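Written out below as structure tokens is the structure these notes cover.
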Amino acid sequence: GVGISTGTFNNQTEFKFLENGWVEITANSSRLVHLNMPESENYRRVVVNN
Amino acid sequence: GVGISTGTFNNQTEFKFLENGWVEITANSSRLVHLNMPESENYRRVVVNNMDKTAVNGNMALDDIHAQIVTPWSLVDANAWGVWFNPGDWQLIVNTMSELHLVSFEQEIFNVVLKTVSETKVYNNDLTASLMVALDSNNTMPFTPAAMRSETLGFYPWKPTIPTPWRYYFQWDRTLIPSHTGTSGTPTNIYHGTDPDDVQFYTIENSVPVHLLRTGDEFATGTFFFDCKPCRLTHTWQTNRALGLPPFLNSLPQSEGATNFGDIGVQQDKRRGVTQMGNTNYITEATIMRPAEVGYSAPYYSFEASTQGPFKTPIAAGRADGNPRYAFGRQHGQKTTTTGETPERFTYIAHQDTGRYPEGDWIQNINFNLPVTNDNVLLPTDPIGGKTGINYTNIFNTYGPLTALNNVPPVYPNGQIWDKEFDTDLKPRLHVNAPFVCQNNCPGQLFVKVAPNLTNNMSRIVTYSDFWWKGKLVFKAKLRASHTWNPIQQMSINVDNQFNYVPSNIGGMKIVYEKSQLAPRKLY
Amino acid sequence: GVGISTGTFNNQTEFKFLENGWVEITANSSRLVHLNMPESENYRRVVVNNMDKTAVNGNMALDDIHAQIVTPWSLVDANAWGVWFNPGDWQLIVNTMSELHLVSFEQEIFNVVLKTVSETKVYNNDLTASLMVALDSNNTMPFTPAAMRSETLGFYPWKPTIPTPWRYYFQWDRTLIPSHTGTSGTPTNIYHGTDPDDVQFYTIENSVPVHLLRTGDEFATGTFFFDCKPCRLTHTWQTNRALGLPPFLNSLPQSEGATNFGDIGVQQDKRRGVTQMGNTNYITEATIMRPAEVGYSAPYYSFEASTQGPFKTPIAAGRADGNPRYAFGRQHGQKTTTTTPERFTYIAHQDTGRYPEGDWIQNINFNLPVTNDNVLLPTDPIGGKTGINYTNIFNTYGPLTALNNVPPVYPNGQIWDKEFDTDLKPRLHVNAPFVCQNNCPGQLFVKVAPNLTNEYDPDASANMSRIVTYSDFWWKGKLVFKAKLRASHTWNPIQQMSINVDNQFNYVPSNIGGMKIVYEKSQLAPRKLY
């Protein structure tokens, strides 16, 4: 619903050590992404000519 | 069979990884050991004396009187870091691992060679005579770690080495009434002989096992297992000033720069918090209570006559004083092609902040007026006992129930690895000699001597022996995890120290010293 | 029995026939090896700098400036063709086999004996001290093939041999700005030093386990198993001109004779075919499309510089440039009873070469009797320098190039080589017919142990006092090949290698016991490209 959160922020890096000298690097990353509405809703075809 | 060989020359540190991020480090090390026959085949109690040197009033510290029993046996001692690890291997331990354990240890001797000299000079083998070897398995003999005298086994695999001729202490008593230079009279500085109640001597024949090796035999020690607690390869920076919650800053800086400091808004006498200062309302970061104490002050460099004899008081941590002051020779890291006889020296200035800075300490009286007047405060500038050169920090001691100390850091390549706990009832909290200390027991020394080569001191054929030593010291260590945003300090080759880790054009080599506890640790 | 051999000497070549024309060739080989104790017991970081010879203007190519770690160890390297085959078996192989697989390989050491000298010189045995032997099974150590320097084991089975004193390069940095004789001043020519990031000092003791052999015991290797692609003992002759269907002749010759050439009937602009030239109507053998390109032009005698100084660009093929020149000694095929190296240059049948004096480029317009301004010939000075034409700076390597792997060279040619541990790997190596796909066999390192005197102490700055000592041991190896027998598809005979009147005296020994092994071609028979 509106008031129930739907995930967990996480940015840990976890180093799990396996046998025979291998390391599984679990790189997590999380960002708050801000997004404005588009400038114009139409697909445009624009030529740059300097 | 005499001809067939008896072992394999190995020197590989081998890394085997395990579950949960542990690494089993198997340090194989092995050398050629050379040994000439003893000067005489009998023990000899000896008393050494430098009465002429310490006779001059002022030379307290040069007192070198002692008594020892020169012994035909020679000591093979591998208890030093440089014996087992090369510099790159040491980098791979210190940079990557976080804590270290001792696991197991064995020694074998193999490919025994015995040689005889005849007058030019001619060298001939001798299969009739034999090499004598004895392992104190039960820790009967006194423990004599050769690292403290820089006489352990050679650190370079490709150079042969010799064992130290064994010696151990004989009971002695003496006294000095120390006095400064220019004292009006000679001090009482007389030797007192020996107390017969505490004399000991260690015979071998029917009491201790001994083995005889001809060319073809192999002496193999069993696999000892240690019981030591982990040595930690990280250092703590947090002094008592850097514990607990800092104050909340009401006036934070703006516009950047070095001079734009922060400010605590609330005045000093209006502060909130807790202080162990019953009659003072000022809660400052000096006066604010902390959970405990780290490190401790202790005296240094002054003595007075009493019953205990001469001694050199050890201190657990340092800011020079407290830091160790290693000196050592060509076999143990000095440039092998150097001439002369001066040893190379360094001072291990450890990364720990648990030391003390005496120049900043002070005492002030109980009433605590803030702009303290001269009579009400004791400084290091004050003479104590009238002598200008001594101040109140020289005699001070803040050891109490609240102190917290780290163990001694490991020192590569000259540092001792393990040592034995004392037999007393109240054991010492830590040892300055080595990082690991054996609780119950850890192996007595392996002794070696050449048998008498008599006519088929007592007459003997000029005889000397060479033999390949091998050992395997197993460690268990935990790989580190990155907790901070920022990187840590790591050992690295650079342009300044490039040539320290590579042979010269005429074959010279050296092993410079490297810090052990590089990474920081969260204390509290 | 200590005095009775721990193993048997062998050099006999065993041929065994499998189904479908396969054959297994076991080249058994054994050599007596003489080994003197090292001049020094320590590793030495030696730097060579022939500034005296290089500093003169125009001697840029004579740059020997380098650094290397001189070790107290020595290397037993059997990686050369002459070590394993005599001229008879190589002759039979190259005359009867079409393909050659490198299959397996093993070594062992046997009949080790260790001697010492006393003082006239009196030689004594010492059964108590040890020879030091190590095999780098994991290929930890740098791969240093001795065939390049001609320091492999001797090819003659009956003479003694010595192993090469082993060394490896150590990183240096150097600049040498080129100059010509008559340059206005001294160019920049200095030795920078070494960089800290690239320092690598290996040691045998720390890397590989060292076996301490004595008389009455042995070291033997588990047999290595190769997986290399087959070398081919047949050359391909067809350049691009001889690829595809020829044109049809409307006028076949009416009578036999050298001067009675045939003639194409159709005018060159009116023929039929496919040409890769959009604006040209002439269909000619030079202009007609072919499936791909055979061989490639590359800049010849071009020297390129990097951190470690200038070096020559290798070329995969040749026509005098490109073809390899060897210089070898008495152990490796020089006439033994002679008292400079002996030399040859392998003018192989592989073809895929180029003839630089025949190349040209002309303008895209293709005015057919091409004027001077519209063609650049090999006679034109590039950069005003009359000796350097365009082919010196010309590269035609492209997606359409097709090349053949290098020939084997008997007796001095290397057999195998180590694949580079770079991400992108070369298509071929120009110094071995086989390249190990993941690992080569380990290098066998040998050393006489320190035979000390009673005077030794470590604190002395002087070198340790050692008794004069050497050792003598016999090496053995067993190399297994696999090969395909050829077939007579072609009517006419092929150029088989055989003894003739001129070359007959090279095989037999001289009256004073001297011998030689002459160089022998490998890819004799021809082969289709298409």
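Note that we place each Cβ from the backbone using ideal geometry, even for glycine, and neighbour counts take in every protein chain shown. Since every read-out is calculated from the coordinates, none of them should be taken as a lab result.
Worth a mention:
- Rough spin-label spacing in nm, given labels placed 7 Å along Cα→Cβ, for C:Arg319 and B:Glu106: 6.9 nm
- Within straight-line cross-link reach of B:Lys420, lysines at Cα separation under 21 Å, skipping those fewer than 8 residues along the same chain: B:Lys229, B:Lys312, B:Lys472, B:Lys476
- For the protein assembly as shown: rounded, prolate or oblate by the Cα gyration tensor [a/c cutoff 1.5]: oblate
- Listed residue pairs exceeding 20 Å between alpha carbons, taken from B:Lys121/C:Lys115; B:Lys121/C:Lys121; C:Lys159/C:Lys521: C:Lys159/C:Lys521
- Cβ-derived FRET efficiency at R0 41 Å, C:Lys385 paired with C:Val274, nearest 0.05: 0.55
- Residue order, fewest to most surrounding Cβ atoms within 10 angstrom, among C:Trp237, B:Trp172, B:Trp90: C:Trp237, B:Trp172, B:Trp90
- Expressed as a fraction of 2.2 N^0.38 Å, the value expected for a compact globular protein of N residues, the C-alpha radius of gyration of the stretch B:375-421 is 1.91.
- The Cα-based radius of gyration and maximum Cα-Cα distance (Dmax) for chain B are 28.3, 97 Å.
- Shape of the stretch B:437-502 from the C-alpha gyration tensor: oblate (a/c of 1.5 or more and a/b not above b/c, with a ≥ b ≥ c the square roots of its eigenvalues).
- Taking B:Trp485, B:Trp166, B:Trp362 and counting other C-beta atoms within 10 Å, the order from fewest to most: B:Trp485, B:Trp362, B:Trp166
- A protection proxy built from the mean count of other Cβ atoms within 10 Å ranks the segments B:289-298, A:9-18, most packed first, as B:289-298, A:9-18.
- Ranked by the mean number of other Cβ atoms within 10 Å per residue, highest first, peptides C:459-469, C:101-111 order as C:101-111, C:459-469.
- Linear extension gain, B:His180 paired with B:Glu304, 0.36 nm per residue minus alpha-carbon span: 43.5 nm
- Rounded to the nearest 20, the Cβ-based charge dipole of chain B about its Cα centre (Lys and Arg +1, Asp and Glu -1) stands at 840 debye.
- For C:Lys335 and C:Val430, a Förster radius of 25 Å and the Cβ-Cβ distance give a FRET efficiency of 0.30, rounded to the nearest 0.05.
- Remark: C:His349, B:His180 ranked as B:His180, C:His349, counting other beta-carbon atoms within 10 Å and listing the fewest first.
- Calculated FRET efficiency for the pair C:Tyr282/C:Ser251, C-beta based, R₀ 25 Å, to 0.05: 0.80
- A simple charge model with +1 on the Cβ of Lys and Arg, -1 on the Cβ of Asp and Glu and nothing else charged puts the dipole of the stretch C:84-182 at about 380 debye relative to its Cα centre.
- For the stretch C:302-331, the residues whose backbone nitrogen is under 14 Å from a point 7 Å from the Cα of C:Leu403, taken along Cα to Cβ, are C:313-319, C:322-324.
- Across chain C: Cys residues that no other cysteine approaches within a C-beta distance under 4.7 Å: C:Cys228, C:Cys231
- Cross-link partners of B:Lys510 among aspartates and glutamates (Cα-Cα below 12 Å; sequence separation of 8 or more within a chain): B:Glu344
- Three-way shape call for the stretch B:77-207 based on the alpha-carbon gyration tensor, with the a/c threshold at 1.5: oblate
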